[PDB]
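Undergrad: Below is the sequence, then the experimental coordinates.
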There are 2 protein chains.
Amino acid sequence: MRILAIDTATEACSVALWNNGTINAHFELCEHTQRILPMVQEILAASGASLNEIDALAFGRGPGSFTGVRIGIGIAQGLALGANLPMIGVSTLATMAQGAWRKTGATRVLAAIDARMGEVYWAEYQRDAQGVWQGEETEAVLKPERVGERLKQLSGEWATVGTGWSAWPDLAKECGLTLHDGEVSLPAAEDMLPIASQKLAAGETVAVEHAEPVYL
Amino acid sequence: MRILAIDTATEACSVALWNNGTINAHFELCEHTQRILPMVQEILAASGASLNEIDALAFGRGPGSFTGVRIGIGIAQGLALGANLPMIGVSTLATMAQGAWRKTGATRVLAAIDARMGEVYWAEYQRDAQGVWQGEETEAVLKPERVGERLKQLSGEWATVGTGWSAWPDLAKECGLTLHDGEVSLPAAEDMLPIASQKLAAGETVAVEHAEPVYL
């Protein structure tokens, strides 16, 4: 089964294709559109796959750039609609947590995105025994001050991901947790795949008209 | 044969479907994306048509909002790629001229778009005997002053279209031409269809990777 993933939620622009484990992905910094179509077409030609054949299109539902996310979803809805494909919304936070697992093996992650105007998109994600990232209900838009306040309520060791940490260097400083560097600052489509894969298996897909950015 | 047209080149956002003359269109002022997909899906359900069945997707290639045009094209490329559809680029200027013909019958049109920072997208379009708008080579980005300069070189009666005239009220004032009001200020997808129809008949389509905004 195949899954095409696209993301434009943050400063990064990426596309990836899942084909029974085998992955074809493209990543780069970005205009959040002029590069997507060529990437999509690049990946499809590379893997020698047709949009019509794919089983589902995974889209970056954010949170991230208010404009960035909406653009990626629009193109994703177009690609999926013209090919009668189910869509799967993947969290930008969870996506990065998957990235930390891949690069460091971290199973507990604190995701913090440096949102504009001194705001931070926050999430506490913990991978369970089935390999599923738990904690989606913890996603939120917070003030740096409120985050450091949260940290004091957590315990154990965690890996950190997101631009939020570099933006607010004292967060990891003043907390009594054991923090490890998740080595992931921005989301990658290749990381959305594993998560999309499991959601597809659980049948958590949405029709094109229901694909929307997450609201926090 | 069916043709789906979408445009987001200017402040207006519209979609239309051509089915052997019969047309289903939607028009409104606009975020240049949150409304497109629903419109597309609205039109498809209304006419009871499937993307896969359509014969070609017409896109507004501009000139217009640098950002607006690129967004519409991206979604159009997605819809067309997922459905293996040929694409047809339709000029925003010619589109409005078609609009003047529809509302007033004008066969000679002077299109002027009020571009930002005191600039104007200009075009002289004249409908020939076959019903084809001639003058595409006259499209250009000009300074108000250069436009009024051009006008003095034209002759006969013309209909005016575009936001450019209201932005620069002296253009139609100082010229010795016989100008009629084209009654069209912004482009409508429904007007792209006739033009797309003829280009399709002439085989002037482009592959998804070749759909790009016009550069003037």
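TA: In hand now; what should we look at? Numbering: from 1, shown residues only, chains lettered A, B, ... in the order given.

Undergrad: Looking at chain A, which helix is longest?
TA: In chain A, with assignment by DSSP state H, the single longest helix is helix A:66-82.

Undergrad: And the helices in chain A?
TA: Counting by DSSP H, the helices of chain A are A:36-46, A:66-82, A:92-104, A:144-151, A:164-167, A:171-174, A:189-201.

Undergrad: Out of those helices, the one nearest residue B:145 is which?
TA: helix A:66-82 (34.8 Å; C-beta to C-beta). For the C-beta atoms, the positions are set from N, CA and C on the backbone; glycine is no exception.

Undergrad: And that closest one, what's buried?
TA: Neighbour counts over helix A:66-82 (16 or more other C-beta atoms under 10 Å in any protein chain shown) mark A:68-82 as buried.

Undergrad: Now narrow those residues to whatever sits close to chain B.
TA: A:70, A:71, A:74, A:75, A:76, A:77, A:78, A:79, A:80, A:81, A:82 (C-beta under 8 Å from any C-beta of the partner chain).

Undergrad: Give me the nearest residue to residue A:112, chain neighbours excluded.
TA: Spatial nearest neighbour of residue A:112, excluding adjacent residues (C-beta to C-beta, 6 or more residues apart in numbering or on different chains): residue A:164 at 2.8 Å.

Undergrad: okay, now residue A:107: neighbour count?
TA: 17 (other C-beta atoms under 10 Å in any protein chain shown).

Undergrad: Identify the residue spatially nearest to it, adjacent ones excluded.
TA: Leaving out its chain neighbours, the residue that sits closest to residue A:107 by C-beta to C-beta, 6+ apart is residue A:127, at 4.3 Å.

Undergrad: in terms of contact, does the one you found touch residue A:105 like I think?
TA: No - using C-beta atoms under 8 Å as the test, residue A:127 is too far from residue A:105 to be in contact (10.0 Å).

Undergrad: Which residues lie in contact with the closest residue to residue A:3 other than its chain neighbours in this structure?
TA: Nearest non-adjacent residue to residue A:3, counting by C-beta to C-beta, 6+ apart: residue A:18, 4.0 Å away. By C-beta atoms under 8 Å, 6 or more residues apart in numbering or on different chains, the contact set of residue A:18 is A:1, A:2, A:3, A:4, A:5, A:193, A:196, A:197.

Undergrad: farthest pair in these?
TA: Taking C-beta to C-beta as the measure, those span a maximum distance of 13.3 Å, between A:1 and A:5.

Undergrad: Looking at the two, which is more packed in?
TA: residue A:5 (31 against 12).

Undergrad: returning to that earlier point: against residue B:39, how distant is the residue nearest to residue A:3?
TA: Distance, residue A:18 to residue B:39, by C-beta to C-beta, to the nearest Å: 31 Å.

Undergrad: Likewise for residue A:119?
TA: 32 Å.

Undergrad: Neighbour count: the two, which is higher?
TA: residue B:39 (19 against 16).

Undergrad: Correct me if wrong: that one contacts residue B:12.
TA: No - with contact defined as C-beta under 8 Å, residue B:39 does not count as touching residue B:12 (11.7 Å).

Undergrad: can you count the residues close to residue A:138?
TA: Applying other C-beta under 10 Å, I find that residue A:138 has 15 neighbouring residues.

Undergrad: List the contacts of it.
TA: A:122, A:123, A:124, A:125.

Undergrad: one more time with 6 Å
TA: Going by C-beta atoms under 6 Å, 6 or more residues apart in numbering or on different chains, residue A:138 touches A:123, A:124.

Undergrad: Then residue A:196?
TA: By C-beta under 6 Å, 6+ apart, the contact list for residue A:196 reads A:3, A:58, A:88, A:90.

Undergrad: go again using 7 Å as the cut-off
TA: Counting by C-beta atoms under 7 Å, 6 or more residues apart in numbering or on different chains, residue A:196 touches A:3, A:5, A:56, A:58, A:88, A:90.

Undergrad: which of those tops the neighbour count?
TA: Greatest neighbour count in these, by other C-beta under 10 Å, goes to residue A:5: 31 neighbours.

Undergrad: Check whether that one really touches residue A:189, as I assumed.
TA: Yes - under the criterion of C-beta atoms under 7 Å, residue A:5 makes contact with residue A:189 at 4.1 Å.

Undergrad: Common neighbours of these two, please.
TA: With C-beta under 7 Å, 6+ apart, residue A:5 and residue A:189 have common neighbours A:15, A:16.

Undergrad: Verify the contact between residue A:73 and residue A:59 for me.
TA: Yes - between residue A:73 and residue A:59 there is a contact under C-beta under 7 Å: 5.3 Å.
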